[PDB]
Structures are given as structure tokens and as C-alpha cells.
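Report on the structure
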Amino acid sequence: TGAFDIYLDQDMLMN
Amino acid sequence: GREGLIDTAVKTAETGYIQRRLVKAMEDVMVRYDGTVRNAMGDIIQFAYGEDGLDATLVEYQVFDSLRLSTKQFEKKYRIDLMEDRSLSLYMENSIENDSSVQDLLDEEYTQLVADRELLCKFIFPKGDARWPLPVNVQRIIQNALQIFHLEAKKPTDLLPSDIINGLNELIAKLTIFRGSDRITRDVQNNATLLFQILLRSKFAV
Amino acid sequence: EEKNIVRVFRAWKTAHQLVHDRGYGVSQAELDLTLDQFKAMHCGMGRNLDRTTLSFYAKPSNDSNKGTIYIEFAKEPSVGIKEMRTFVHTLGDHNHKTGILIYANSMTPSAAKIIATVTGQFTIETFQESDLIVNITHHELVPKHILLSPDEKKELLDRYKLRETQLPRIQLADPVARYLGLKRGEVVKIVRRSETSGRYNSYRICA
Amino acid sequence: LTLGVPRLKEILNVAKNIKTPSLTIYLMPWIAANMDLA
Amino acid sequence: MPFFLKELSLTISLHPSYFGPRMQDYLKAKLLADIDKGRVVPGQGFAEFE
Amino acid sequence: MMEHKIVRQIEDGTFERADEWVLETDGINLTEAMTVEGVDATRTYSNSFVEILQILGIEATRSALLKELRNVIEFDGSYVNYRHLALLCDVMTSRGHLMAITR
Amino acid sequence: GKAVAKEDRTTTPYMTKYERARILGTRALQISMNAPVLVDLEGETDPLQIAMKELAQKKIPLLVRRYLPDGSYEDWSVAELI
DNA sequence: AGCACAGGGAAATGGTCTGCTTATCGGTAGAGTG
């Protein structure tokens, strides 16, 4: 479950 | 009974140590996002997990029908000769007797089938074993289709040979494990899905 | 007596197959001989094997860059420094780039030092007769090893974004590596059967 | 607890000396089909 | 009076409550008082912006 | 001298179970055993992985490892998926020699 | 580390089970800490169920930075993942 | 003058596996002789 990193997509948070 | 008890009390410790050793040797080996199996140093252990890239949980035993069939029986079950055979149109809503292009498609189909049988009998399973765990239970899906659609064995079908060939080819083209436009990516994709393709072509012959 | 003759015939045919596999030219007549033909072509009137005539050579078939290959069977049962120097001289005389020396019983270590001494000029590979009686690449367990050209090795490494140290390894002393004449850094593509995928392609770098 | 745990232990440690060394020599098709040549 | 124009970096941690359209205005003010993609810190939920 | 059950493809394309005489030895000398006249040098097998590695190479060694692991595991009647045994063998043969699972 | 272009991405277009678990856990943790909810609530009180219903509508504002063994990475939106 | 009690006290002799340290020993190599 930690084989990757999670980021925020701000393009979606605008919409 | 005393011997049995002693064997238990010793075997427990033996196997415990064995399992700890085994886990320590392979704890770092993980499947990566490019399909390869590598250890913590990045060294490639396998180029495709299990050589086909499939989860062991989801595989089920399937039987290869064409493996143990004789050449005569293989021809009977897979060879279509519209020039000599007319029973095909008896099973179809559309007549295809003495059709040239359809016969060409059937000939290409049968050439591929014969190549697959050769590869199975000579390169893969020379001992003649037919039951092997593959992805997808295709026979079960076929039974589900027969039951769901109430397929009457007496009802002629609207399926044309070209429909079957194009559909199976597109399906095989949609079984993507590795993605990429390179040459060795195509080679590894073909190798990974080779056995499944052979089973699919033997199951869904026209 | 006859046993030694048949053993040397088997080793000689295996060496011919080895040459043909590496990409050198060997006429199909040479490959498809028989024990009696070898006896006629290499034994004297008394049937005593003549070790002088056991040596041959071959030219590259499709890669003119490769130099000629020369193969000689040691006259003395055990090779020494004298015979090693003689073999290096023979290689130099005819401008043979590759040279295989096949001995019977043993080879001395200081003789082996000569191989590293002249590595920059000639590539010398040593075999024991027993190592060539049977062709191992014809065994069922041995999958199909294929040497990759530098372009194909580069393609593989770039596709997997690999470093040479991150590939699976094959030892230089590996029997198939010695059969194929693999040097350090060369990659072999090994084609295998597979219960799961039907066919599998592994890649091993010589290391 | 050669077969079983002992054999697995032999395989896993890569034992240079094993309890029961053996060969499975397969003969030629014409030899293998006759008892006398075998 | 030597004045230097330099490019500098800072790592801003942001609470999930602020994860909305006005996220970037908040970061700029915090940078001024004290933008890269936001890395969600495992086990905490914050987002690290460079 | 034992009589083993082999499976061979008849000329008509089918597979038949025939009987073949095989020689099971005590003690291993593979390289000289193969050279003996009359033995199928393309099928001779030994249950020692170091011997196969020194004689037949590392890929044959991986195959032999797999066969002996499966013989050990499946003798009881149990079954393990090929992926796990294959991964163990590939880890033990990745670096060109037999990596013992030990310190 | 170099970011791969959206057109050049070679990884699977499906959400892995590990990715699904991580995404749901991370979004639920953010919701529990008062992150604005991007879906209509019908009275749910468990942040994990709220994150699940956000996922069903592809309303989780998260990315997955899948790393290739060499260090290059691909960013996949939770919305575009299948 | 014999014991508390903290200071000053250590002694009669009673599994296979790897890597180091030693003896062993060819195979040439000097030439020492001829």
C-alpha cells in the first residue's frame, strides 16, 4: 500500500 | 505413538526455522509498475511475475481440448471445407456455401490453429498434459452464456464466420498486460498471453 | 584404443557444432560425418590416432568483423607452458583472432597465465575433452540461448531503463557461456517453455 | 519429517553433499524398449 | 547597499480543512507572513508544498 | 533397472503411455555417465543442483531446482502454484550461481 | 526524477487494490480532519463511508504518483483511474 | 581480644558450513654440471 505517493489535484479542488 | 509425538515436536521447530529463512531471502521482492519483479536493489528477478503477470488468486484450471485430439479428430472439430462441407449453412441463418473470402478466412483460422497445436504438442506440453491453471474460466463463461441467453440448439445463429474471427482477434488485442509501442514490449505481451490465446482460439473456433 | 578414437571423434564433432553455433562457417559435410569417415580421415594405417591432423579453423558467416577461429587438440595429454606458447605462436602466424585449445587430462596454472598475458591480442579458450564429448546445448533442460548484438542489448537496457548490474547474471565459467564464447558484458536472450505463459524470454548478462 | 523436511532443507541450503545422490539415465529408444540392451 | 535578488524555496504544511479553491491564496499569505504539487503526508493527512 | 511410464506422441497425433527402461543410480557422476554409449545424453538427469550447474549451466539448474522443489512439495498430494516455486528458483539463481537460503 | 507526459504513460489505467485502499484511507483521514466534502451527504457519519461514496462518484481530489524503478513517475488522477 | 561492617577481595584444580593457518608438492626455472 506504500508503493506509491498520494498528491492533491488542485485542478479538481477548483471545480 | 511416541515416535509420532517426537516427530511433531521436532518438525515444528525445523519448519519454523525454514520459513524464517525463506521469508528473509525474498522479503524485498515486489512487483513493480512496469510489470517486472525486482528486489530492493532494482535487480530484475523476473521480467513478468509468474512469466505471465497474473495474480495466483484468480487463476483456474482449464483443459486444452486440441492437445489430446488426434489429427483426424482435430480436423473434424476445427477444419471447415465449404467446397466439400455444406452442413455449416444448416446451422446458420445465412448461406455461405462455396464462398471464397469466407473460405480464405477459415483457412487462415485453421493455419493458426494448427500452428498453436504444433506449439503445444512440441514446445509447451510434450508430455500431453491438458489441464493447467489459466486466467478466466472460459468454459464457465460459455456455460453462463448458454444459460443466460436460453440458447436453443435448434435455432440457426446469425453469427457469420468473419464476426467470430474479428471478435476473437479484437478480444486478444484487448488482453493487455504490458503497454508500449516498442518491439520487445510487443514480444513480451505476446509471450505472456500466448497460452491464453491458444486456449481462446481452441475454444472459440468458428 | 578404439574407445579413445570414438571419444575424440565425438569431441571433434561437438567442436564443429560449437563453431557452427557461434556464427562461423562449417560445411554441412563436416557436421554430418560418421565415425568411420573420421577414422579414415584422421587415423593412419595402424589406426593410431594422429593428433597433428585434429586441428581445423572456420570463418565468420554473417559478421565479417569477427576474426577467423582456430581450434586445436593438444598433442600431449596434459597441456603445459611450452604447448601454450606454441599455440599462441600458431595463432599469431595465421592471424587467427580466436583460438580454442582442447586438452585431454589437465592444464597447468602458469600456462593459464599466458591466456591473460595475450588477452589483448588473441582470445584463447580452453576445453577438456570430456567437456565436449556430449553437446550440452542439445540437452532437454538447456533452453535456447541466443547471443544479443550490442544494439539489441542497448535496446533491452533502455526499454527497462536498466543498468548492466541489474540484469540476471550468467557466470563466465558457465558451460553454455563457454560453449557460446560469451565475454563479460554480453547479454544472452534465453527462450524457455512456460507452464503459465507458454513461452518466456529471460535475459542474462555475462558477469 | 530423501523426502519431506530433510529434502527441503537440503534443497534450500544448497547442500554440496546430499544423503541420496542419484542419476536418472534414460537410454536410447531402441535400447529403452528392450531388457537385454538395458 | 548590496541587494541580492535570489530564488528561494520553502516547504509549507497545510491542514486538510484548507483543501479548497482558496488553497493557493492561503499558501502565498503564509509564505509572505513567514507552488508545487501537494504531497499528502502518510499517517497525518497534511499536504507538503515546496 | 526400472520401468518408467513415458508419454509419447503417436504418428496419428495422439499421446500414448508407453514403458521405457531407465537406470537409477546411487552416487552421481553426470558428465561421464552421459558419455556412455547407449544412454540418451539429451535426457540424463541428476538430483544434484551443483552438478547440473557445473555441467549443464544455470537455466538447467533453475529447471532442476523447480522439479525437485515440486517433487518435495507435491509428494504428500498437496499443490503450490507455479508462481511461488518459480520465484524462489529465480531468486536462488538470479546472480548466476546457486544462492543458498542461509546466512 | 522526471515526470512522464500524460500521453507517454505506460502503467495500467486501472486503480490497483493497494491504490484503492490507500486512496480511501487518505481521503477518509482528510475528511475526519474537516476537509470539505465534494459529494452530497445523506446523513453518513463515518468518514470512510463518505470517502467510499466520493470514490463511487470519482469525487476524491487526489493523485497517485506511480514511481518506475528508475525513478521516473506518472501522476494519475483518482477520477481518470478505472 | 573477638566481631561488626564497610573496606579490600578472583581462586585449590576439575549439526553441516566457511575461513584461517600448514604441510605438502608438482611444474617449470634457473642454471651448475657436462
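Residues numbered from 1 in each chain as written, not as in the entry; some residues may be left out. Chains lettered and ligands numbered in written order. Part of a larger assembly, values for the part shown. Heavy atoms only, no water.

Per the PDB record, this model was obtained through cryo-EM at a reported resolution of 2.67 Å.

1. Thoughts on the overall build of chain G
On a plain count of helices and strands, chain G comes out with 2 helices and 2 strands. When the elements of chain G are put in sequence order from the N terminus, they spell out α-α-β-β. Taken over the C-alpha atoms alone, chain G extends approximately 45 × 20 × 20 Å along its principal axes. For chain G, the proportion of its 82 residues judged to be buried stands at 43%. Taking as baseline every contact in chain G between residues at least 6 positions apart, the subset at least 24 positions apart corresponds to 49%. When the accessible area of chain G is evaluated, it comes to approximately 4,300 Å², of which 52% is carbon and sulfur surface. Within chain G, the 12 negative side-chain charges are centred at a point lying 2 Å from the centre of the 12 positive side-chain charges. (Helix = DSSP H or I, 4+ residues; strand = E, 2+ residues; numbered from the N terminus. Buried < 20%, exposed > 50% of the residue type's maximum accessible area, 1.4 Å probe, protein only. Contact = heavy atoms within 4.5 Å. Areas by Shrake-Rupley, 256 points an atom, 1.4 Å probe, with all protein chains shown as cover. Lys, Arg positive; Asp, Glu negative; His and termini not counted. Charge placed at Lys NZ, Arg CZ, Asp CG, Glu CD.)

2. Digging into the nonpolar core
In this structure, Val19(C), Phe38(C), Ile71(C), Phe73(C), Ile102(C), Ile52(F) and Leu56(F) are the most contacted members of the largest nonpolar core, which totals 75 residues. Top contributing element to this core by residue count: helix α1 (residues 2-22) of chain C, with 8 residues. Looking at which domains feed residues into this core, each of domain 1 (1-134) and domain 2 (135-207) of chain C supplies at least three. Counting 28 residues, the second-largest nonpolar core is a separate cluster that includes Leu8(A), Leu13(A), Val40(E) and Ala28(G). (Core = buried A, V, L, I, M, F, W, Y, C linked by side-chain atoms within 4.5 Å. Domains from an automatic or database assignment.)

3. A few points about the interface of chain D and chain F
The interface of chain D with chain F comprises 24 residues on the first partner and 35 residues on the second. Both faces combined, the contact of chain D with chain F buries some 2,900 Å², and carbon together with sulfur accounts for 67% of it. Where chain D packs against chain F, one counts 1 salt bridge. Among the elements of the structure, α1 (5-13), β1 (23-26) and α2 (29-32) of chain D are those that each provide at least two residues to the side of chain D that touches chain F. With 5 residues, α1(D) is the single largest residue contributor to the side of chain D that touches chain F. (Buried area = accessible area lost by both parts, 1.4 Å probe. Salt bridge = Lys/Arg side-chain N within 4 Å of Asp/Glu carboxyl O.)

4. What about the protein's contact with DNA strand H?
By nearness alone, every residue bordering DNA strand H is listed as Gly80(C), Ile81(C), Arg85(C), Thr108(C), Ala15(D) and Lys16(D). Between a phosphate oxygen of DNA strand H and a side-chain N or O atom of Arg85(C), the distance comes to 3.1 Å. With respect to DNA strand H, the backbone of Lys16(D) contributes an N or O atom lying 3.3 Å from a phosphate oxygen. When its residues are assigned to classes, the surface near DNA strand H shows 2 nonpolar, 2 polar and 2 charged. (Near = heavy atom within 4 Å. Polar contact = N/O pair within 3.5 Å; in protein donor to acceptor, adjacent residues only side chain to side chain. Nonpolar A, V, L, I, M, F, W, Y, C, P; charged D, E, K, R; others polar.)

5. Topic: the pattern of salt bridges
Using the criterion set out here, one finds 35 salt bridges over all chains in the structure. With a shortest N-O distance of 3.7 Å, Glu129(C) and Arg51(C) are connected by a salt bridge. Linking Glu129(C) in the loop between β4 (123-128) and α6 (130-133) with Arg51(C) in the loop between α3 (35-42) and β1 (56-58), this pair joins segments that are 78 residues apart in sequence. For the pair formed by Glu129(C) and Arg51(C), the shared burial category is buried. One salt bridge connects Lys153(C) with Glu164(C), and the closest N-O pair in it is separated by 2.8 Å. Separated by 11 residues along the polypeptide, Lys153(C) in helix α7 (residues 150-160) and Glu164(C) in the loop between α7 and β6 (169-170) bring together distant segments of the chain. When salt bridges with common partners are traced through the structure, they connect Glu51(B), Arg192(C), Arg204(C), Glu59(F), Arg62(F) and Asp90(F) into a single cluster.

6. A short note on the side chain of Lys53(G)
Residues and elements named next belong to chain G. Residue position: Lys53 is located in helix α2 (residues 47-56). Taking relative accessible area as the criterion, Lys53 reaches 17% and is therefore assigned buried. Aside from chain neighbours lying at most four places away, what touches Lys53 is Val39, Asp40, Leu41 and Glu42.

7. Thoughts on the sheet that holds strand β8 (residues 198-206) of chain C
What the 4 strands build is an open sheet, ordered β5-β7-β8-β6 (chain C); its pairing is mixed. For this open sheet the edge positions go to β5 (144-147) and β6 of chain C, each flanked by a neighbour on one side alone. Here 2 bridges tie β6(C) to β8(C), and the two strands are oriented parallel to one another. Pairing of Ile170(C) across the sheet is with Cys206(C), part of β8(C). Helix-sheet contacts for helix α8 (residues 183-192) of chain B involve β7 (187-194) and β8 of chain C, and the interaxial angle to β8(C) is about 135°. (Pairing = 2+ DSSP bridges. Axes fitted to C-alpha atoms, helices over the stretch in contact; angles between N-to-C directions.)

8. Section: the sheet that holds strand β3 (residues 98-103) of chain C
All names here are of chain C. A sheet is described by the order of its strands in space; here 4 strands give the open sequence β1-β2-β3-β4, paired in mixed fashion. In the strand order of this sheet, the two ends are held by β1 and β4, each with one partner. Strand after strand, the sheet turns through a mean of 20° between neighbouring axes, direction not considered. Relative to strand β2 (residues 69-73), β1 is paired through 3 bridges, and the arrangement is antiparallel. Note on β2: the bridge partner recorded for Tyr57 is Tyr70.

9. Digging into the arrangement of the chains
In this assembly, 11 pairs of chains are in contact, and the pair contributing the most contacts is chains D and F. At the C-alpha level, the nearest point of chain E lies 31 Å from chain F, with no contact between them.

10. Focus on unusual backbone geometry
The backbone of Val136(B) shows a phi angle near 65°, a positive value even though the residue is not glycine. Along the chain, the position of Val136(B) falls in the loop between β5 (131-135) and α6 (138-148). Positive phi outside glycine occurs at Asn95(C), with the angle close to 70°. Tracing the backbone through its elements, the reader meets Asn95(C) in the loop between α4 (81-94) and β3.

11. Description of α1(C)
Residue and element names in this part refer to chain C. The end-to-end C-alpha distance of α1 is 30 Å, a good match for the 30 Å that 21 residues give at a rise of 1.5 Å each. Among the residues making up α1, those that are buried are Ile5, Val8, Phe9, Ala11, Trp12, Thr14, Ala15, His16, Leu18, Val19 and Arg22. Trailing α1 by a residue or two, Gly23 shows a phi angle of about 105°, which is positive. (Expected span 1.5 Å × (residues − 1).)

12. Description of the pairing of β4(C)
With 6 bridges connecting them, β3(C) and β4(C) associate as parallel partners. Residue pairing for β4(C): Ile102(C) is matched across the bridge by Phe127(C).

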